[PDB]
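Each chain gets a letter, A, B and so on, in the order its sequence line appears, and its residues count up from 1.
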Amino acid sequence: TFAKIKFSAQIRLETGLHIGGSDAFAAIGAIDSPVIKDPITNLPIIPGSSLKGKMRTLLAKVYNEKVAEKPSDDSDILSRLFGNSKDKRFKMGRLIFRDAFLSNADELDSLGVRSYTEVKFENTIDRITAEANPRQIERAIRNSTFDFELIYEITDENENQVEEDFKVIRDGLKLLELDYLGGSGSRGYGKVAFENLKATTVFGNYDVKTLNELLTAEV
Amino acid sequence: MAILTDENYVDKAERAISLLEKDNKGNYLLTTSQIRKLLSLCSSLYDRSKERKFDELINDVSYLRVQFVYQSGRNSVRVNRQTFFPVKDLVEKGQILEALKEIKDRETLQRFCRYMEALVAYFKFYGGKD
Amino acid sequence: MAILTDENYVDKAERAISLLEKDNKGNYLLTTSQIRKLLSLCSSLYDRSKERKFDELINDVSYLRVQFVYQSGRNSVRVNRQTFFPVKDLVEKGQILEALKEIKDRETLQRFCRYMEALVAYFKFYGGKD
Amino acid sequence: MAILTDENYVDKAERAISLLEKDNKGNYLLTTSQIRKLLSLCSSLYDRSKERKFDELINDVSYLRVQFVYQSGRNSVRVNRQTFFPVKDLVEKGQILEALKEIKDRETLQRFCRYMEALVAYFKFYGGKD
RNA sequence: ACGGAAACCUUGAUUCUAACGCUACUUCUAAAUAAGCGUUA
């Protein structure tokens, strides 16, 4: 009864995103906080490690029933979905995250932008001396959309657990919507939305009609 | 006859920025903040020259040229009752506008953007400030 | 006369690393993360020099020189109310720029890349940090 | 005075291996995987020394020395809240760095390679894991 | 006009089959592009 179901969505930013990388592709005269970029196209990306880590940390506050000092100390419902290196049962998880790449660069160009990353100028103001220290932070453009792909596998170990894993995936995406993807999101960064969130059985035989109903209705 | 070639642009940037105006204390009058927008536009133009054809990037070079002229005309530093214009000094001593006039395809555009890379690199090398 | 030869470059790195600036605690001011891009560019240039001739490696060598002079001035550490340039100190004490100016063929390019490898090897051998 | 002669290098390796530092459990902190590249380079140098003259082997000896110091400075193990450098310790107690400087012909090179083989044999004989 | 002459230690054989350098990990944490308008008239 092996099957694979692909949750495909559009991560549309509601605010500039700063996931943050190194100076490997930074400009030669830029005192910036660079974002993680594609090596070839030099476009901003959303790495699957960021999505997986943020979603796992968010779902650890809702689906654990016990505070976990480590990802290995996570509950079974999350270990079987995200993986557990200290559990022979759950060493390989059922979720594959994928790097998300910019998918509406043409629309952004037609909207009249000159680059797909902007530089936001902030400062910290001393509260005793009124002395301002400025910073520059690179962000992806607000109306950017990224192709989001998440592959969920079904084997005989998913005999009576698929309807719960589907709910956990929906809850993780929703929690990501009521949170921020990695960055300085406490100052209003990294707000995202999942658009056209649908599930397609890309391998095997499986019925995703009900799941797609809660995807496109509850979201 | 081109002022920028693959064998001289780094040394050309060397000489161009070693001649920039200096204060009586020896510090450069130019700062990276005065040329930040120009550097960003050059970086974006270099990035976009790899994918798209040169005929698509015909407005970007013109915007880059008008930005160069505007920044050279607007940036002023006043010290000791004397006003200098460091971006204009950099533009004339590096022949930025003349090099921009010799941009006709991907190769010349990429050479100019690498020349700007070399200019800011060596500006930072000799004590340029942010 | 050439400063990098097959008999002296390892001892040259030996002598250059020992003279680098240190804090009052005795540890180095330079870190590997400051020279990571330069090491990557040198490694890529050395790898690509084996398979292709030096005639069309000129842009890679010029960009390597540009990145060296940029990272020299970019990286600054402020310790005990005093600014230091560790990458600039390493470049000036290892004669990186003068060794780069001597690159004219594949043999000299590979010698320079091996010298850079020797420099980072001896930097890590003497307790240099990442 | 030559530290490595044809009469005592095996005993030198024996004493060196006996002097290597161990863990709280008596296990060797050095592993063969930490020195695998060094051993491969030593074997290739020994194989090439039989036919090729020492003139073209000097670059290989220099790179071998660079690899020795890099692995001395790179490999570190943290156990019981204390850090150690197994390759650096092996190099110091085995007296390898200045044993490399006396490599002046084929005989000294082969002496050093046999010394390294003896070091590996006695390191494995005393519980050295892979 | 020698215990000597003549005589291949030779023919045929794959150091081969199986095996993911893999499992877990948010480039993260706080931070108003902001403060000062004197003195002469």
Side-chain angles (χ1 to χ4, degrees), chain A residues 11 13 15-26 31-38 44-61 64 68-87 89-100 117-128 130-140 146 148 150 153 157 172-173 175-183 185-192, chain B residues 31-34 36-37 130, chain C residues 31 33 36-37 130, chain D residues 31 33 36-37 130:
Chain A
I11 304 174
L13 316 181
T15 300
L17 175 71
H18 170 75
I19 280 175
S22 61
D23 63 358
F25 314 115
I31 46 158
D32 291 331
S33 296
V35 293
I36 180 163
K37 288 180 164 110
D38 207 301
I45 72 165
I46 301 185
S49 66
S50 294
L51 285 154
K52 177 163 200 226
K54 182 64 70 177
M55 197 171 297
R56 202 205 176 111
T57 316
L58 288 183
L59 286 168
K61 293 187 286 185
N64 290 139
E69 283 87 8
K70 293 187 286 185
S72 85
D73 303 335
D74 188 358
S75 88
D76 291 331
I77 190 167
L78 283 71
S79 292
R80 86 199 181 208
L81 271 180
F82 291 86
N84 202 303
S85 53
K86 294 181 176 67
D87 212 352
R89 196 156 65 259
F90 303 139
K91 186 180 289 293
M92 293 177 70
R94 309 163 181 181
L95 279 184
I96 289 167
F97 280 83
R98 292 275 155 89
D99 288 359
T117 57
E118 61 86 20
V119 173
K120 189 181 172 188
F121 278 80
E122 314 200 315
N123 64 0
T124 187
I125 302 177
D126 198 299
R127 256 89 182 201
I128 297 295
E131 183 178 1
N133 182 51
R135 66 185 183 273
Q136 327 182 1
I137 301 104
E138 198 173 25
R139 289 203 301 186
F146 300 82
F148 168 77
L150 175 67
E153 65 183 1
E157 182 65 26
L173 299 173
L175 268 174
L176 294 174
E177 286 198 354
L178 277 296
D179 213 29
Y180 61 95
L181 294 174
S186 179
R187 294 165 281 275
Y189 282 35
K191 297 301 288 190
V192 297
Chain B
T31 47
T32 300
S33 68
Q34 298 167 22
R36 65 182 180 179
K37 182 175 174 66
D130 281 327
Chain C
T31 61
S33 66
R36 181 172 53 235
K37 186 180 289 293
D130 299 320
Chain D
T31 61
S33 179
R36 178 70 275 172
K37 176 150 208 213
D130 279 311

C1'-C2'-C3'-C4' sign verdict for the sugar of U27(E), north or south | south
List the atom of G190(A), the atom of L17(A), and the distance in Å for their closest heavy-atom pair.
-> CA-CD1, 3.7 Å
Decide if the distance between the centres of the six-membered base rings of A30(E) and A31(E) is under 5.5 Å while the angle between those ring planes is under 30 degrees.
-> yes
From the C1'-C2'-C3'-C4' angle alone, say whether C9(E) leans north (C3'-endo side) or south (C2'-endo side).
-> south
Which nucleotide sits closest to the side chain of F121(A): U33(E), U27(E), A32(E)?
-> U33(E)
Can you tell me how far P in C2(E) sits from the matching atom in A6(E), rounded to whole Å?
-> 15 Å
Among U23(E), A31(E), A34(E), which nucleotide sits nearest the side chain of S85(A)?
-> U23(E)
Looking at every strand, decide which applies to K70(A) at a 4.0 Å heavy-atom threshold: base, sugar-phosphate, or nothing.
-> nothing
The side chain of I125(A) lies closest to which of these nucleotides: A30(E), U27(E), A34(E)?
-> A34(E)
Would you say a side-chain N or O of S50(A) is under 4.0 Å from OP1 or OP2 of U27(E)?
-> yes
N or O in side chain of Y180(A) less than 4.0 angstrom from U29(E) OP1/OP2 = yes
Heavy-atom nearest pair, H18(A) first then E138(A), reads ND1-O, 2.9 Å
Given the P atoms of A32(E) and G36(E), what is the spacing between them in whole Å?
-> 16 Å
Contact class for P71(A) (heavy atom, under 4.0 Å): base, sugar-phosphate, or nothing?
-> sugar-phosphate
May I ask you to say what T57(A) touches in the nucleic acid, namely base, sugar-phosphate or nothing, with a heavy-atom cut-off under 4.0 Å?
-> base
Using the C1'-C2'-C3'-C4' torsion, which pucker class fits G38(E): north or south?
-> north
Categorise the sugar of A7(E) by the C1'-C2'-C3'-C4' dihedral sign as either north or south.
-> south
Please give, in whole Å, the distance from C28(E) P to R187(A) CZ?
-> 11 Å
Compute whether any side-chain donor of one residue and acceptor of the other, for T31(D) and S33(D), lie under 3.5 angstrom apart.
-> no
Would you say a side-chain N or O of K52(A) is under 4.0 Å from OP1 or OP2 of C25(E)?
-> yes
Does the pair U14(E)/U15(E) satisfy a centre-to-centre distance of less than 5.5 Å between six-membered base rings together with a plane angle of less than 30°?
-> no
Between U10(E) and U14(E), how far is it from one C1' atom to the other, in whole Å?
-> 22 Å
Donor-acceptor contact below 3.5 Å, side chain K91(A) vs main chain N84(A) | no
For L51(A) and for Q136(A), find the nucleotide of RNA chain E with the closest heavy atom, then tell me which residue's nucleotide is more 5'.
-> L51(A)
Nucleotide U33(E), atom P - distance to CD1 of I31(A) in whole Å | 16 Å
Whole-Å distance separating the CG atom of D74(A) from the P atom of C25(E) | 10 Å
Look at the side chain of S186(A) and decide which nucleotide, out of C20(E), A30(E), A34(E), has an atom nearest to it.
-> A30(E)
Under 3.5 Å donor-acceptor pairs involving side-chain atoms of residues 52-61 of chain A, not counting sequence neighbours:
unit_1 : atom_1 : unit_2 : atom_2 : d
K52(A) : NZ     : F82(A) : O      : 2.9
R56(A) : NH1    : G83(A) : O      : 3.4
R56(A) : NH2    : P71(A) : O      : 3.0
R56(A) : NH2    : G83(A) : O      : 2.9
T57(A) : OG1    : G53(A) : O      : 2.7

Counting heavy atoms from C-beta on, name the nucleotide in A31(E), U27(E), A35(E) closest to the side chain of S49(A).
-> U27(E)
Consider the side chain of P134(A), meaning its heavy atoms from C-beta on, and name the nucleotide among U27(E), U33(E), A34(E) that approaches it most closely.
-> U33(E)
Using a 3.5 Å limit on both pairing distances, list the dot-bracket string of RNA chain E from the 5' end; Watson-Crick and G-U wobble pairs count, crossing pairs take [ ], interstrand pairs take |.
-> .........................................
Where the side chain of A130(A) is defined as all heavy atoms beyond and including C-beta, which of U23(E), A35(E), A31(E) is the nearest nucleotide?
-> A35(E)
Tell me which of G20(A) and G83(A) sits closer to the 5' end of RNA chain E, going by the nucleotide each one is nearest to.
-> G83(A)
Among the candidates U26(E), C25(E), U33(E), find the nucleotide nearest to the side-chain atoms of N123(A).
-> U33(E)
Rounded to whole angstrom units, what separation is found between the CG atom of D179(A) and the P atom of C28(E)?
-> 13 Å
What residues form a salt bridge (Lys or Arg N to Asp or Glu O under 4.0 Å) with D76(A), not counting sequence neighbours?
-> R89(A)
Please determine if a side-chain N or O atom of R56(A) lies less than 4.0 Å away from the OP1 or OP2 oxygen of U26(E).
-> no
May I ask you to classify the sugar pucker of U33(E) as north or south from its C1'-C2'-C3'-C4' sign?
-> south
List the atom of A68(A), the atom of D73(A), and the distance in Å for their closest heavy-atom pair.
-> CB-O, 3.5 Å
Value in whole Å for how far the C1' atom of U26(E) lies from OH of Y189(A) | 17 Å
Length of the line joining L81(A):CG and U23(E):P, which is rounded to integer Å | 17 Å
Please walk me through it: do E118(A) and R139(A) pass salt bridge (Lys or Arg N to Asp or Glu O under 4.0 Å)?
-> CA-CA 5 Å; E118(A) 61 86 20; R139(A) 289 203 301 186; 2.9 Å; yes
Assigned chi class of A32(E) under the 90° convention is syn
Side-chain contact check for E122(A): nearest option of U27(E), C25(E), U33(E) is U33(E)
Rounded off to whole Å, could you give me the CZ-to-P distance for the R80(A) and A24(E) pair?
-> 16 Å
Integer angstrom distance from the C1' of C37(E) to that of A41(E) = 16 Å
Give the rounded distance in Å between these two atoms: CD1 of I96(A) and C1' of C22(E).
-> 14 Å
If you check every side-chain atom of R127(A), which of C25(E), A31(E), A32(E) has the closest atom?
-> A32(E)
Between the main-chain N or O of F25(A) and the side-chain N or O of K37(A), is there a donor-acceptor pair closer than 3.5 Å?
-> no
Heavy-atom closest pair, residues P134(A) and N123(A) | CA-CB, 3.6 Å
Has the side chain of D130(B) got a donor or acceptor atom that lies under 3.5 Å from a matching backbone atom of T32(B)?
-> no
Does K120(A) have a side-chain nitrogen or oxygen under 4.0 Å from the phosphate oxygens OP1 or OP2 of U33(E)?
-> no
Could you classify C8(E) for me, syn or anti, using a glycosidic angle within 90° of 0 as syn?
-> syn
